[PDB]
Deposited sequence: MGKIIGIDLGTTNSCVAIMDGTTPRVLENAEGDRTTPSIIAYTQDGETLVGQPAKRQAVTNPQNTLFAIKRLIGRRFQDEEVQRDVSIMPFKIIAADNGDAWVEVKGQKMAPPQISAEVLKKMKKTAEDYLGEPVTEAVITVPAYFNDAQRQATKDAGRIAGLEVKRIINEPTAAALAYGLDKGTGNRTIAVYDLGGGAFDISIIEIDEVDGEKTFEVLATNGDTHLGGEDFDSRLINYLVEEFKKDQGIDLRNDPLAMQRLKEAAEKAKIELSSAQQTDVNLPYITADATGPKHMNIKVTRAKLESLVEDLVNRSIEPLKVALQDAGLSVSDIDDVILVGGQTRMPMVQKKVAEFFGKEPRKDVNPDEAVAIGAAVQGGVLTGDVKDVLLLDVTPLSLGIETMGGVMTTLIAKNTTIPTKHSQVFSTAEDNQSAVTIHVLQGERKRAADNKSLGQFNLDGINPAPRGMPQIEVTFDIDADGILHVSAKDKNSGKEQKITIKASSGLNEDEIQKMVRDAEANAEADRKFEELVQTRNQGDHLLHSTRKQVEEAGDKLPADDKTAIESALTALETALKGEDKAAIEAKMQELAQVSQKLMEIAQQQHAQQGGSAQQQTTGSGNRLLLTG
C-alpha cells in the first residue's frame, strides 16, 4: 500500500499523499483539508474526533481532550506538565510509572492512545479516497522533541494500526514540500514555523547536482513556549482586566466563563488578522448576587497588536542565533517560508519580512506544507519520488583524537540517526589539568589523515596521575543531522560543549575518496595502531621514572619514533636495567603494577 504523510499538530492535523508525481492534501469526511487535533468522549458513549469534537468542547469540558501533544512522551512531574495540570479542564493524572496520562469517565488513558484517535481518522480519510487499505505512514514531529516524545508519537501510530516507516522533523517536512517543483538553482531557505503549540526555526540548504536534490540543515532552533496559545492568553488577560475594570468581576474564578472566554478570544484573534476591529460578545458570561452579567468588548487590531507585539519581537532574536550557528548573514538567505496558522497574522508577516528584507514566499501554504512534505518522504520510501535525497545515516565514522595521534570512533559509519554515544577517557600525563577534545571525521587510524571538524578545551581537572581522572565525551547527532560534542569531568561535574556545522563537513566527492583510500591502506593502518599501542605503553614508563627520580633515556626518545615494536620493546629492557642495578591527603599510591583499559587524551 501507500505510505501517507501526517502532520500531527498541537491544534490541527493534515493528511497528504503522493498522486504519482504531485502531492494531494485530502479532505476529511466533513470536507475539510485539516482536522482539529481534538478527541471527545460523549455522555452517551460515542467517540467524536475532529470538528465534531471541537464544536462540543465547551459543553463537555471534562471529557474533551485537546493539545495532547503537550503531554505525549512527558513525565507527570515535569514542571511543564504540572503548570499544564492546573489550567487544562480535563483530568491529568500520573500513570503508575510516572508518565503523564489523562482520565476520562474513570478510564485512565495514555497520551498515545488519545493521539491515535486523530491518526485513526487520518488513516480512514486516506482509505476512503484510495479505496484500499493503508498501513504505512510518515509522521512529523517538532524539531525540539526528545527521544521519548519521538517514541510516543510512533507508539500512537502503532495503536492506530499504522506502521510508522519514518519520523521526520516538521521544518524538514516543510522544506520537502517546497523543494519538489522548485525554481531551479541552489537556494538557502529559512523555515519560520509558528503553530498553536510552539515556534521552530530552521536554516535549510537545498542543493541540485545532476538532477538529484539533496536537503541539508545548517542550523535549527526556536522557543518551545511561544505559540498561538500564547497569543490567545494575552487577549484573554486583556478581556479579564477590561471586565474587572468595567463591571468589578474577576472571571478567573468562573471555570464555565473562562472556557467560553478562551474560545471567544481565539476566534477574535483570528478575525483580527483579516479585519481592523472586532467585538467579543458573551451574554451570561457570569453571574453574582445581583443577577446575570454580560460581556461586550471592542478589540481593535492596533490594541491586539499592542498586547502581543512583545511575543513577536522576542521571536526575532532566535533567528539571529540560527544565523550565527549557520555562519550566514540574512543576505545569504534567498527564500523565507512561513509555516503555521499563527503566521497569517499580518504583524507576524511584516515583522519577519522586515528582518530578512524580502517578502515570504506566497506559494507555500502554512497549514499544509508540513503534511505534504511528509507525503513526499513517503513517496521516496516507495520509490515513487526520485529527485530527493535525505541522508538518514552518518556518511562517515565520527570520533576523537586520543593519545598517540589515533582516531577513536564514537559513532560508526552508516549508523541510523538520530543517535547518541558516549565513552569515558582519561588524561595522558601526570598532573594534567585539561584535555583537548579533538573531533575527527574519517576512516583512517592516523588522526592526521582524517578531517578536523573542530576542537575545544575542558579545564579544571585535579592534579592526579595519568589514567586516574574520568572525562566523559558524548557525541549526539540529532534527527536533523547536526552533531553536538560535549565533554564532562565526571568527578567535578564541569562541562564544556560545541556544535559542529555542516560546512565543517566533507563532500560526496571527498566521502567516496575517504572510503576508497582506507580499504587500500587497511593493513598499513592496522600496523600504525599496533606500533602506537606499544609506543604509548612505553612512553607510559619513562614519564613514570623521570618524575620518579625527582641512562639510555635519550636513546629511547630515538627508538620510540623508529617505527618498530621490538625496537621500543628493547629500549624498554635497556632502561629496565639502568634502573634495576642503580600517602597523604591527596591522590593514592601505586603499590602494584595494574593499570586500566580506559583510553587516554592529550591536552
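Participant: Numbering the deposited sequence from 1, which residue ranges have no coordinates here?
Facilitator: Residues missing from the model, as numbered along the full deposited sequence, span 1, 552-566, 599-607.
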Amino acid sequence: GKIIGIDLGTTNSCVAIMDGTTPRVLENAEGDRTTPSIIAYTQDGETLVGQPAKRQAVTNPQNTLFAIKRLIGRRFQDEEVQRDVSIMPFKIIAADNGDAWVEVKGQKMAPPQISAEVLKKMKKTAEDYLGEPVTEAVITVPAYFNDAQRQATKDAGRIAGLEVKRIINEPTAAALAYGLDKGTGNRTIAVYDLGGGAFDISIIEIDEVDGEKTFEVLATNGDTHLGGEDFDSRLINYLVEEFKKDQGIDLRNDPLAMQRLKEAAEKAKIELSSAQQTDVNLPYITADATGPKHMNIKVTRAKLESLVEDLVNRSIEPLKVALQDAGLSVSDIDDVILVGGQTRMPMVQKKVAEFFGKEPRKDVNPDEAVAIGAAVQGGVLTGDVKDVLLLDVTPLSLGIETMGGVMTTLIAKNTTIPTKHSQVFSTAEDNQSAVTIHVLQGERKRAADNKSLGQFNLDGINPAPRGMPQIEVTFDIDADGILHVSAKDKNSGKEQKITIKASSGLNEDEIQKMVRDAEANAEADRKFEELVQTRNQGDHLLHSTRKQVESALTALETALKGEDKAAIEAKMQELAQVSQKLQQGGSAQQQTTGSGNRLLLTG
From here on, numbers count along this sequence of modelled residues.
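Participant: Pick between 93-101 and 407-415: the one whose mean CA B-factor in the entry is higher.
Facilitator: On average, C-alpha B-factors are higher across 407-415.
Participant: Which is higher in the entry, the mean Cα B factor of 285-293 or that of 513-521?
Facilitator: Between 513-521 and 285-293, it is 513-521.
Participant: Whose CA atom has the top B-factor in the entry, of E229, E212, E163, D193?
Facilitator: Reading the PDB entry, the winner on C-alpha B-factor is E212.
Participant: Of the choices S115, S504, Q259, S273, which one's C-alpha carries the largest B-factor in the record?
Facilitator: Of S115, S504, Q259, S273, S504 has the highest C-alpha B-factor.
Participant: How does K565 rank on Cα B-factor within its chain, lowest, middle or highest third?
Facilitator: For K565, the deposited C-alpha B-factor lands in the highest third.
Participant: Lowest, middle or highest third of the chain for the C-alpha temperature factor of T21?
Facilitator: Highest third, going by the recorded CA B-factors of the chain.
Participant: Going by the recorded CA B-factors, say which third of the chain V15 sits in, lowest, middle or highest.
Facilitator: As the PDB entry reports it, the C-alpha B-factor of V15 lands in the lowest third of its chain.
Participant: Test of reading the entry: by CA B factor among the chain's modelled residues, which third contains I4?
Facilitator: Middle third of the chain for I4's C-alpha B-factor.
Participant: Compared with the other modelled residues in the chain, in which third is the CA B-factor of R70?
Facilitator: Tercile = lowest for this residue's CA B-factor.
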